[PDB]
């Protein structure tokens, strides 16, 4: 079954221990390098690929929302060759997207992330599919043209992500516009390093506030440009 993407009201947060956990979980997801420096090896927070409005994280259709995610695990992973839990999946995002180290599976910060994801999933039937889950891929027949992609990047992306892909810092030292390549970006093991996933994300979410504005060809070619560049190597 597919159900709608619903976002709960932060005014109806439970109190007690669970509410305090949810609030800490939102912070870990929004501000991950500063909150979890022992585990993060780049400049990315979860929210840089799992954006949300109103200070929430992971609430946007076609940008891998967390709404409903708790009810989809455990599930099979071809990386692992077996079923994995949601804790383990978060571990892989720390190791790959954040170029870091997985939290222990009972670490309190990991549990607070889980509590926040569960809060966002409230009312979703276990096993159901949320409309707008994941990042829909975009695939062309034909190798991306990074020459075209370089021209598109300069015209549509550079002002935010920079001529050297290094992003723009905000006043408090967190990325306002995150790095797309180089030492502070996602590593080679990340899902965003796959052509069709980057092309899909770009097509649906970029340029910022212009969702679904690039033609399919343009998203494909600019993703290819972006992925020509060096970034940290995953072991």
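Think of the rigid core as the biggest set of C-alphas that the two forms share within 1.5 Å after superposition. Residue numbers count along the first chain shown, from 1.
Chemist: Out of 92-100 and 137-145, which shows the greater rigid core-aligned C-alpha deviation in 5 other deposited structures of this protein?
Modeler: Between the two stretches, 137-145 moves farther in 5 other deposited structures of this protein.
Chemist: If we scan the other compared entries, does residue 208 go without coordinates in at least a third?
Modeler: Residue 208: unmodelled in at least a third of the other compared entries.
Chemist: Using only the Cα atoms and their B-factors as the entry lists them, report which of 62-70 and 206-214 averages higher.
Modeler: The recorded data point to 206-214.
Chemist: Hey, which bit's got the bigger mean C-alpha B factor in the entry, 218-226 or 8-16?
Modeler: For C-alpha atoms only, the mean B-factor is higher in 8-16.
Chemist: Just grab whichever of 89, 133, 80, 96 has the top CA B-factor as deposited.
Modeler: Out of 89, 133, 80, 96, the record gives the largest C-alpha B-factor to 80.
Chemist: Would you check the entry's CA temperature factor for residue 140 and let me know if it's in the chain's lowest, middle or highest third?
Modeler: Highest third.
Chemist: How does the C-alpha B factor of residue 161 compare with the rest of the chain: lowest, middle or highest third?
Modeler: Ranked within chain, residue 161 CA B lands in the lowest tercile.
Chemist: Can you work out whether the C-alpha temperature factor of residue 171 puts it in the lowest, middle or highest third of the chain?
Modeler: CA B-factor rank for residue 171: highest third.
Chemist: Would you mind ranking residue 184 by its C-alpha B-factor against the rest of the chain and naming the third, lowest, middle or highest?
Modeler: Middle third by C-alpha B-factor.
Chemist: Within this chain's modelled residues, let me know which third the CA B factor of residue 147 belongs to: lowest, middle or highest.
Modeler: Ranked within chain, residue 147 CA B lands in the highest tercile.
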